[PDB]
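Protein chains in written order, with my numbering: chain A, 89 to 564; chain B, 24 to 497; chain C, 24 to 497; chain D, 871 to 1345.
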């Protein structure tokens, strides 16, 4: 393996900056490469190119824009192993899961291309509202918003770059992608696929750099017409106060509850809970982060979950381990603190805590109470609390007391009751007898409270990054 | 007893001959309705086609206003109309008033659904780059003249459910109620006339089937036929309509599939309410219970108990089981009951008939060689057919030529949804009786149960077409 | 000399007897297609109904992958298929290859449109407060077996435009191409077979109308009939379908209304391209010019100049005007020309006929007592009818039994839209010739021009039904 | 006639310790007072609203619609009573003020019926991946929660009801904050909702001084959505305080009327004058600059000039076309734009006159884009005519504005007019008609600094709802 010096895509050209940021693999410390450390003047060059490209891009037919997206997705499928191998090292994601992330990104790009090209407008009748305006009709068609700034997260630096880029591009918007620093190589590899597909100069560009130099600058810039961001809740809250009146989409944290009723299939509930809670070592916003279980089935459910947590593989990304090293030392320190607080307050550790560097073994706690930090705080690590409840009303109350409202799971055999519970839960999506998940990517993805703003899922993302233009006239 | 008249071009008209209508439960003379000739039908259709141009060019809000006024009049006169409706079709007095109230609800809902219908704007650039400046402006238009044919069992509700969706969209209408039910249809017509519906926009036709039955459907003036009635009549209409669009609500033999894990008391409650409502003279009634062997004995006893509590008597006393529409209908039902007894079915409640008042009959051990397992009785008789597997319940359910609705009683909803996908029916109700309601929901039948989708927005969509205006932006 | 075979249940089969097919322009023997019996049609339908369960239970993604593969094969073989299609229906070589490429585009578009199939969730509380916890989950389902009947004039495009929308939605299909056009239909079928379409999901039928014509439509296995052809055959199909859903694209007599303020050069260009494309053998062709008298002499002169430049000759030479499909078609067009001449119409270009190759005929001073003012010729003849007012143009346009499309040539768009509202047609094109495209736009007729709405999403909607599952939230 | 008005808070009418006296801008007449709420009183309004939300969101749509219909019937009944006071409060013509109340009732009724039949969707997992073919998503609408509606002085009843009714039908609870000049009208609208029997806490009002509760009402954690109409500077401040919460902003405009050589100049002049000078130009949606092709400019300017010379200038009680502006600062700002245009050499076709805050209508010709009047929203009766020689120049000048609410195009070539409309950076283009918000079922939106979000009845309902997805696997 030889570390490479990567370049940003700026107005159809690949550009270095005077300074750069060296990226290391979180699992091994191996140097992977460097990405440019852009200056504010270089961000200005990116946005000037994007605004100059907008007129010719938005005036192309939908089929012409869709052709570029399909070509980019075919190139990603062609290079999925080459890109997935680097994505795996960059964010300590299992090799197979990293290659699957690249394939999922090609699927979302293809799906957005076809969803976006068949968007329709509407014709409204004046006579629906008043008799005197019966000959007046409004011809309402969709239009792009302009320049979209897409900011991807470290945990899905390609998938949640494509989930923003393709819906924005099909609608006729121009895009600047700002990947996270830990994930910027993978983001620039995605950019190479769009460049090789022949995306016109300035239509798609990348920005890489340090938060202290360009962090607020890329968002506050008046060239930006829309900010689409996935990342931490505190950073998300900052973007909301910098966007001003400009539309935004935020995908932030979660503390998804899994409510287990007395009539649940406990073995199946345990399977779905462990798959959801410990995927990518719990470093997912949509992940079962707390089990709210009825007292009478709690001992048997905990035994079923424990059996499965003990069998999860813990190790290196190259080995496709279920639990891989966390993204950085600060993240593992934070998770260890939550583990220590639950232990010191009397929670039962059903599986042992171990920390090898930043590789934390999966910890399952029973008898977790609302005074413990782990009942509320999003860990972004492999630790799952089980909180016992006496009534369904109590589970709803504890679930809704969270500042997060991304998704919830309900495990029961009474679906009419599960729907009644789902109506009361302050979340975007409720999965019945299955783990929480963003997929399938055509379904809406949204969070209530501090989990975000806006509705994603492919068609919803296109609708968010478009506006309408109405032309009104009188028939004679 | 009154001599009723047809609404034709804003005028009330008698014909040379009349048909006297008697109450099926008492034989009380209620009045007479005109026996229209083919020439008088021609004048109804000429009047409607003449009124169509001004009617379709009104705004949606203007058409909605006439419907809201007609619905307000039906609410005002619900007791007065319901009292006559009750007698004309031997429906319980309170149920007849409820029917008029429900009709007013449907009319008001159709008026507001229809006035906000929107068109679409399509892009040529979605299909080919060279046509990126070509757009299509697609707006809805009425089909023209709608012939609405209502049934005896819901002569006001299933007249208004066709009339109001047709009218809001700009169509003109001719209502042909059944002879037994024609007074009720003409009473509904009075509310539209009092509401100020323009002359010729809404009209009525009454007469004998041997004189005008085929004539009204085959007439070139009619652009759409919307009918509710028996399957043999519907089949004839489908042939006579030719290429013209149709809505048909025909026979039903709705199955209620009861699984081993069902709440049997809840299943029995819904099955008896669904099977015996209006003495079983409903297309959406539960007409056969397909029950898994292990719970069949318990379910049969629970159903029997509730059948024994049904009141049997006169419409004026709000009996659950009233006399059937006519002698021919009760002879047919008696014949199906005799066939089942002769073939060995167990009568849990046995056959009793006084005039055309048949007591509710419940049969167990009904087999596929019995007429009652398949034929729609339109009477108060319910067969219970035992099955060994869910696959057998699906197969027997789907072997019917009918497929209006089905019910599934079980605590496993993902499994119930999987069964619902396999059933050749329009709607599947989980842990409830089969029913048309609520009236905003789609209502349709597969195979010989009909054509087209009803329910308010669906009926509006059915009785409209589109007009596309295409041009190139410069 | 090749003996073509039908695709039946995944295998290619001949029949005992065969129909030899000849190139209409040269008499060249192209090969033979099977002469299926009624029993062979039964076997095709049984194989399709058997395949339906496993096909409808596939995911939309899986059904779309087959359609995309079939479309790629059609693109790969466009020259090979186009070459035979050109000979079989005497269509210009380049235009025949273009038909194949357009079919692949429609198939790809249908696969992507149908895979995004959405349902609806309706609220009981929208209609009545007591049912606020009742919801309806409404999902789309295939109708079952679709019989697609393609026309000779678009034997691949109007086979693929029916087949792909039906297949993506989970329907199984039987394609019956016209006898003159069956080799092209079976060549299209090869692409679906090589794509690996499961056995029985897609099948073909070929045979004589006297043996299987009515039989294929009356058969109770068929759940939907999607046909393109002439009005008299379509009228027969509506009756034989009974209550089953249909899509019919029949005759057209599209008017081109030219007002005093029209851009006459643009009107002439569009009128000539639309009227004489494929020798006028198109349902959507401009078939009558209704022009305001003050601009008629100049409009007729500019049309005449462009008509005289059309090439007249053989399909292999990409001539604009090629020989008509058969002798009967050319005799029918000749009779219309003679009637117009005998009634005083002015021949701006002269009639000539060599075999079934009729030179393009333009008539002026055509009146409403001439057959050519009303009857669909399906040949290279265009009448110009002078009018004194826009009201007269609308009246004459609407007096036609046909109503597929119309064109309006004027610089006053708001007035053109007001005229479009009054025309009894499916689509009105402003300042352009009538056309079906783009294939995402709706395509439909009024009066005797058809039944149902075509255009990709509309065709998918027509060949699906809904299944509503209703339950109460607790 | 001056009354002590009260806020509607949790079904009761409350005064505060301090009050704000409201005077008629045209005459100085004392109209009454409105409470000067404290931050703790705002907290009580929001606590009441969140408490009422649970039982309101779980009602059926038909039950919520019945309250809106009853409230609209009450507004029609009291249209003269409310309009008489609204006219004095914001110096709007008496008949125009009554018409505003009637229009509000129309919007409320249309919102009740539009909202009650909104639907959910069912999505197939098999549309995206074969392995999830038995997974389906049942997606239903849900309210966003508590909506803070902030109405503007120029439409204090119409653009209060335009936010309240769409929010309520969807199951949201509402707090209306009228502008201080327009708070009596806002509280009169609240009386109709209260008499209609709207449950306690479902609909509430807030009145007070900007220096006591201005930022507080927006920054409050209880508020889940802010729906505002008003000035661009205030709207931009709301964007800073909303954080992650969804907003709708209806801000300023500088609508262009593009007049081509083939236009019907009499039709263009009539529409331009009706739109520009309605309510003395104090409307965001109003023709605020004429971009005319030079060949027809002398004729168009003469036709506009004759119509402007006929507009009545006077008091709201006399239904004058031009009434006194809302306040002295507003009139001073308008006079400044007029003076800049005069000093830079524009031709004053109609004479400038100012008596108190009543400015006579001023029409300028030969306005060049170095003049402030070419760009700045006056909110007063002044209109510039800017001559251009090409359509491309008219499009460039039109789009150079920071505003993008609406535009008008006057021409007989509609295919060309549609091609121009595609290039204009606005929410709506009206062909051969003045810009206007109506009909209220149509979308109403502005690009650039004119706003955020899409209004019009169905659009406002969609904006103030979210979705709840329930995903399960068929077996």
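Beta carbons are placed, not taken as given, at the ideal position from N, Cα and C, and that holds for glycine.
- Between residue 990/D and chain B, the shortest Cβ-Cβ separation is not below 8 Å.
- In terms of Cβ geometry, residue 404/B and residue 303/B form a close pair [threshold 8 Å].
- In the three-state DSSP reduction, residue 481/C falls in the helix class (H, G or I).
- Listed along the chain, the chain A residues whose CB falls inside 7 Å of the CB of residue 497/C are 504, 505 and 508.
- C-alpha of residue 448/B to C-alpha of residue 280/B: approximately 13 Å in a straight line.
- Fully enclosed beta strand (DSSP E) runs of no fewer than 3 residues occupy 471–477, 495–499 and 517–520 of the segment 454–527 of chain A, in order along the chain.
- In this structure, DSSP gives residue 1181/D a state outside helix and strand, which the three-state scheme calls coil.
- Measuring C-alpha to C-alpha distances from residue 149/C to each of 1142/D, 997/D and 984/D identifies 984/D as the nearest.
- Within 7 Å of the CB of residue 139/C, the CB atoms of chain A belong to 203, in sequence order along the chain.
- The beta carbon of residue 152/B falls within 8 Å of a beta carbon belonging to chain A, placing the residue at that interface.
- Only residues of its own chain outside the window of five on either side were considered, and among them 382 have a CB closer than 6 Å to the CB of residue 375/C, listed in chain order.
- Taking C-beta separations shorter than 7 Å and ignoring five residues to either side along the sequence, the partners of residue 254/C in its chain run 273, 274 and 471, following chain order.
- The beta-carbon distance between residue 126/B and residue 180/B, rounded to whole angstroms, is 5 Å. This is short enough to meet the 8 Å contact definition.
- At a cut-off of 8 Å between beta-carbon atoms, residue 89/C makes no contact with chain D.
- Sequence-distant Cβ neighbours of residue 270/B in its own chain, meaning closer than 6 Å and more than five residues away, are 249, 475 and 485.
- In this model, residue 171/C and residue 239/C are separated by some 10 Å (Cα to Cα).
- In the three-state DSSP reduction, residue 235/C falls in the helix class (H, G or I).
- Closest option to residue 124/A, judged by alpha-carbon separation, among 137/A, 113/A, 109/A and 144/A: 109/A.
- The segment 1124–1138 of chain D makes no contact with the segment 1042–1059 of chain D; the number of CB pairs closer than 8 Å stays below 3.
- At least one CB of chain C lies nearer than 8 Å to the CB of residue 511/A.
- DSSP, reduced to helix, strand and coil, places residue 370/C within a strand of the structure shown.
- Taking each of 243/B, 246/B and 207/B in turn and checking the Cα distance to residue 227/B, the smallest one comes out for 207/B.
- The closest CA to that of residue 1183/D, considering only 875/D, 1158/D and 1220/D, is found on 1220/D.
- Ranked by Cα distance from residue 962/D, the options 1343/D, 1342/D, 1274/D and 1197/D are led by 1197/D.
- By the rule that beta-carbons nearer than 8 Å mark a contact, residue 494/B touches chain D.
- Proximity of residue 329/C to chain D, defined by a Cβ-Cβ separation below 8 Å, is not satisfied.
- Chain-order list of chain C residues neighbouring residue 1010/D: 144, 146 and 158, by C-beta distance under 9 Å.
- Cβ-Cβ separation between residue 197/C and residue 67/C: approximately 6 Å, consistent with a contact (criterion under 8 Å).
- Along the segment 275–332 of chain A, the beta strand (DSSP E) occurs as fully enclosed runs of 3 or more residues at 292–294 and 314–318, listed in sequence order.
- A straight line joining the alpha-carbon of residue 928/D with that of residue 487/A spans about 19 Å.
- Taking a beta-carbon distance threshold of 8 Å, residue 1120/D does not count as an interface residue toward chain C.
- Comparing alpha-carbon positions, the option among 296/A, 425/A and 397/A lying closest to residue 105/A turns out to be 296/A.
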